[PDB]
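S.K.: Numbering (the deposited numbering), first residue to last: 33 to 396. Every residue gets a Cβ at the ideal spot worked out from N, C-alpha and C, and that includes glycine. Attaching a single structure in structure tokens format; questions to follow.
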Amino acid sequence: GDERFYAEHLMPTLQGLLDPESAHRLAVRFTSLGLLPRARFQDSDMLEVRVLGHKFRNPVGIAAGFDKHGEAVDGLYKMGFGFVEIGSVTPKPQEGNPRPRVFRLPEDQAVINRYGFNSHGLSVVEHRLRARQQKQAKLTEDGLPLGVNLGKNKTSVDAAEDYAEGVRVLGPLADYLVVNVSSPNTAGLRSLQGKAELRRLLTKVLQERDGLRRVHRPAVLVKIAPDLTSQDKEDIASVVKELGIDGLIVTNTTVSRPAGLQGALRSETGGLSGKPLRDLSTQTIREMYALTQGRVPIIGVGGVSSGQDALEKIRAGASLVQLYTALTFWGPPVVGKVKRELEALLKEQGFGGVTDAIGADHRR
Ligand SMILES: Cc1cc2nc3c(=O)[nH]c(=O)nc-3n(C[C@H](O)[C@H](O)[C@H](O)COP(=O)(O)O)c2cc1C
Ligand SMILES: CC(=O)c1sc(Nc2ccc3ccccc3c2)nc1C
Ligand SMILES: CCCCCCCCCCC[N+](C)(C)[O-]
Ligand SMILES: O=C(O)c1cc(=O)[nH]c(=O)[nH]1
């Protein structure tokens, strides 16, 4: 709905008026009510991707964290996303961290957040998704799949049981599930990425998933940090292949603060997202793709705000990409912008479609 107006006039006006959390809440409300122009960009056949046992009309999804509670799914498809991921959802409802807990860094086109898994909980989200389950079944059939991202409660003793509960409750409503072991905002969570902990956790998750009826049986992906050692990455790749994990989401936000950040709020605690994350995420995709021999589908995420950003991740090995932070600066028009630029670049670089470009850098 006109990039130039939103990017230069409307979005800076919303930014100037509202604190970032209030802006987020308003964005979810507006989106869920369908108060957005229905996006005019028609997805061309060259954007279609077949992966994770599904057809994706285009490879650009909304990352987890925007719609934590499954309130705005239909409005997100209307915005032009090829797939929607909701969550993270925790088993019991929980408030998350005290405010303020989200910070804009406009000079860096970055955000820092420390939400800490504010979640309505499995029960509430389950009912919300059940109320539109058949509509989603038709959307998925039409190439618009739904992912559900699972987290764990702050005070839970048994992390694996939290994730298992999510698989049992929301697995039947999802095209894919995400085991989020990479939030920087829940104490101890990232240690679940370690080899032995990950293996134990994912064995249980996969056992639970395999016990679901065939038509309600989702793909299972693991979402990983951009801050892992080489050893961590080798270990993850090994466990993923040992267990037959269906895919990886690469990456969550970073606890690093790259040299050069200008924002006044750069030293706030939390995960950093947006442009300063972009190439760190792209390099993690590149490494994970090589470690899995290109055989494990990757959803690439972190700092995507253009067609070039999307294509760099795809050529590095991503089958699909997501964005979030760019929406907070450019607004809804960024979605069509990314898709139009991606298509133009695929054509310029001689690819027949997205599928041909996946991992292309590794064959160079
Ligand atoms: C405010 C905010 C909340 C987020 N919440 C979640 C979450 O609950 N679960 C999750 O897996 N990732 C979460 N993320 C991470 C995003 O899904 C994504 O991995 C990261 O922000 C990098 O993409 P981006 O640069 O396009 O935002 C959140 C990110 C932001 C900015
Ligand atoms: C953290 C976050 O999601 C919000 S979202 C946002 N701005 C808006 C504001 C309005 C929006 C309307 C539709 C879609 C996205 C929108 C984004 N700013 C922030 C800081
Ligand atoms: C019942 C447990 C309360 C969970 C509160 C989570 C915040 C409420 C709405 C979240 C919107 N966010 C703040 C995610 O935009
Ligand atoms: O809820 C959060 O704090 C959160 C979760 C997550 O996975 N990533 C993130 O940046 N924030």
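Looking at the unbroken alpha helix (DSSP H) that takes in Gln-47, where does it start and where does it end?
M.R.: Taking the first residue of the sequence shown as position 1, residue 47 is located at position 15. Taken as a continuous stretch (DSSP letters only), the alpha helix (DSSP H) holding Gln-47 covers 43-49.
S.K.: Which first and last residues belong to the alpha helix (DSSP H) in which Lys-167 is found?
M.R.: Translated into positions along the sequence shown, residue 167 becomes position 135. Note, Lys-167: alpha helix (DSSP H), 165-173.
S.K.: Comparing C-alpha positions only, which one of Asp-140, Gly-102, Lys-186 sits nearest to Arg-310?
M.R.: The residue you call residue 310 lines up with position 278 of the sequence shown. Ranking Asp-140, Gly-102, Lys-186 by Cα distance to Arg-310 puts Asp-140 first.
S.K.: Is it buried or exposed for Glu-274, if we count other Cβ within 10 angstroms and need 16 for buried?
M.R.: Along the sequence shown, read from residue 1 onward, the residue named residue 274 stands at position 242. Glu-274 comes out exposed.
S.K.: Using the Cα positions of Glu-375 and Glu-103, report the straight-line distance between them to the nearest angstrom.
M.R.: Here the question's residue 375 lines up with position 343 in the sequence shown. Here the question's residue 103 lines up with position 71 in the sequence shown. If you take the alpha carbons of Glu-375 and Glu-103, they lie about 30 Å apart.
S.K.: Please list, in chain order, all residues with a C-beta atom less than 5 Å from at least one heavy atom of ligand 3.
M.R.: Those residues, listed in chain order, are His-56, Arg-57, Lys-100, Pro-125, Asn-150.
S.K.: According to DSSP, is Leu-378 helix, strand or coil?
M.R.: Locating residue 378 in the sequence shown gives position 346, counting from the first residue. Three-state result, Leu-378: helix.
S.K.: Taking the alpha helix (DSSP H) that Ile-268 falls in, what are its first and last residues?
M.R.: Translated into positions along the sequence shown, residue 268 becomes position 236. That run of the alpha helix (DSSP H) goes 262-275.
S.K.: Which residues in the same chain have their Cβ closer than 7 Å to the Cβ of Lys-265, if we skip the five residues on either side of it in sequence?
M.R.: Counting from one through the sequence shown, the residue named residue 265 turns up at place 233. Counting only Cβ-Cβ distances below 7 Å, and skipping sequence neighbours, we find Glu-319, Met-320, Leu-323.
S.K.: Use the C-beta contact count for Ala-291: other C-beta atoms within 10 angstroms, 16 or more gives buried, fewer gives exposed.
M.R.: As a working mapping, residue 291 is identified with position 259 in the sequence shown. Its Cβ having fewer than 16 others within 10 Å, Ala-291 is exposed.
S.K.: Are the CB atoms of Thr-283 and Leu-304 nearer to each other than 8 Å?
M.R.: Looking up residue 283 in the sequence shown gives position 251. Looking up residue 304 in the sequence shown gives position 272. Not a contact, by the Cβ cut-off of 8 Å.
S.K.: Can you list, in chain order, the residues of its chain with a C-beta nearer than 7 Å to that of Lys-87? Leave out the 5 residues immediately preceding and following it.
M.R.: Sequence index remark: in the sequence shown, residue 87 carries index 55 (1-based). So the qualifying residues of the chain are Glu-80, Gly-175.
S.K.: Express the C-alpha separation of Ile-256 and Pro-216 in angstroms, rounding to a whole number.
M.R.: Here residue 216 refers to the residue found at position 184 when the sequence shown is read from its first residue. Here residue 256 refers to the residue found at position 224 when the sequence shown is read from its first residue. Near 11 Å, if we compare the C-alpha coordinates of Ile-256 and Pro-216.
S.K.: Given a threshold of 16 other Cβ atoms within 10 Å of its Cβ, counted over all protein chains shown, does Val-121 qualify as buried or as exposed?
M.R.: Here the question's residue 121 lines up with position 89 in the sequence shown. With 16 or more other Cβ atoms within 10 Å, it is buried.
S.K.: How many Å lie between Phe-115 and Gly-332 at the Cα?
M.R.: Position 83 of the sequence shown, counted from the start, is the residue given in the question as residue 115. Position 300 of the sequence shown, counted from the start, is the residue given in the question as residue 332. Their backbone Cα atoms lie some 13 Å apart in a straight line.
S.K.: In angstroms with no decimal places, state the Cα-to-Cα distance between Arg-395 and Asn-150.
M.R.: Position 363 of the sequence shown, counted from the first residue, corresponds to residue 395. Position 118 of the sequence shown, counted from the first residue, corresponds to residue 150. Using only the alpha carbons, I get a separation of about 42 Å.
S.K.: What are the boundary residues of the beta strand (DSSP E) that includes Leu-137?
M.R.: In the sequence shown, counting from the first residue as 1, residue 137 sits at position 105. Looking at the DSSP string, the run of the beta strand (DSSP E) that includes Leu-137 is 134-137.
S.K.: So who's on the other strand from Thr-286, going by DSSP bridges?
M.R.: Taking the first residue of the sequence shown as 1, we reach residue 286 at position 254. In DSSP, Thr-286 forms a bridge with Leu-304.
S.K.: Looking only at its own chain, which residues have a Cβ that is under 6 Å from the Cβ of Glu-300, when we skip the five neighbours before and after it?
M.R.: Locating residue 300 in the sequence shown gives position 268, where the first residue counts as 1. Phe-135, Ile-144, listed in sequence order.
S.K.: Determine whether the beta carbon atoms of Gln-225 and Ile-281 lie at a separation below 8 Å.
M.R.: As a first step, residue 225 must be located in the sequence shown, where it is residue number 193. As a first step, residue 281 must be located in the sequence shown, where it is residue number 249. The answer is no: Cβ separation not under 8 Å.
S.K.: Quick check: what's the CA-CA separation for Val-254 versus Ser-214?
M.R.: The residue given as residue 254 occupies position 222 in the sequence shown. The residue given as residue 214 occupies position 182 in the sequence shown. Cα-Cα distance, rounded: 9 Å.
S.K.: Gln-74: which of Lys-371, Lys-379, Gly-382 sits nearest, CA to CA?
M.R.: Here the question's residue 74 lines up with position 42 in the sequence shown. When each option's Cα is compared against that of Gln-74, the closest is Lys-371.
S.K.: Measuring straight from C-alpha to C-alpha, what distance separates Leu-260 and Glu-173?
M.R.: Reading the sequence shown from its first residue, position 228 is the one you call residue 260. Reading the sequence shown from its first residue, position 141 is the one you call residue 173. Cα to Cα, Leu-260 sits roughly 36 Å from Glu-173.
S.K.: Given a cut-off of 8 Å, decide if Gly-385 and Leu-378 are closer than it, judged by their beta-carbon atoms.
M.R.: Numbered from 1 along the sequence shown, position 346 holds the residue referred to as residue 378. Numbered from 1 along the sequence shown, position 353 holds the residue referred to as residue 385. Cβ distance < 8 Å, so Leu-378 and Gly-385 count as in contact.
S.K.: Using a Cβ-based criterion (distance less than 7 Å to any ligand heavy atom), does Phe-383 qualify as near ligand 2?
M.R.: Within the sequence shown, residue 383 is the residue found at index 351, counting from 1. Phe-383: no, Cβ never under 7 Å from ligand 2.
S.K.: Starting from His-86, trace the beta strand (DSSP E) both ways and give me its first and last residue.
M.R.: Residue 86 sits at position 54 when you count from the first residue of the sequence shown. Note, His-86: beta strand (DSSP E), 86-88.
S.K.: Which ranges would you report for the beta strand (DSSP E) in the stretch 73-133 if only whole runs of at least 3 residues count?
M.R.: Those beta strand (DSSP E) runs which fall completely within the stretch 73-133 and span 3+ residues are 81-83, 86-88, 92-94, 115-121.
S.K.: What residue ranges within the stretch 339-386 form continuous beta strand (DSSP E) runs of no fewer than 3 residues, ordered along the chain?
M.R.: Here the runs fully enclosed are 352-355.
S.K.: Looking at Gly-128 and ligand 4, is the gap between the Cβ and the nearest heavy atom below 7 Å?
M.R.: Locating residue 128 in the sequence shown gives position 96, counting from the first residue. Answer for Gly-128: yes, Cβ within range of ligand 4.
S.K.: Compare the beta carbon distance of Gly-203 and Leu-230 with 8 Å and say whether it is the shorter of the two.
M.R.: Mapped onto the sequence shown, residue 203 falls at position 171. Mapped onto the sequence shown, residue 230 falls at position 198. No, they are not a contact pair.
S.K.: Helix, strand or coil for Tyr-208? Go by DSSP, reduced to three states.
M.R.: Within the sequence shown, numbered from 1, the residue matching residue 208 stands at position 176. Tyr-208 falls in the strand class under three-state DSSP.
S.K.: CB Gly-148 to CB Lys-184, shorter than 8 Å?
M.R.: Position 116 of the sequence shown, counted from the first residue, corresponds to residue 148. Position 152 of the sequence shown, counted from the first residue, corresponds to residue 184. Not closer than 8 Å, so no.
S.K.: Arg-70: which of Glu-40, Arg-89, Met-111, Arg-61 sits nearest, CA to CA?
M.R.: Here the question's residue 70 lines up with position 38 in the sequence shown. When only C-alpha atoms are compared, the closest one is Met-111.
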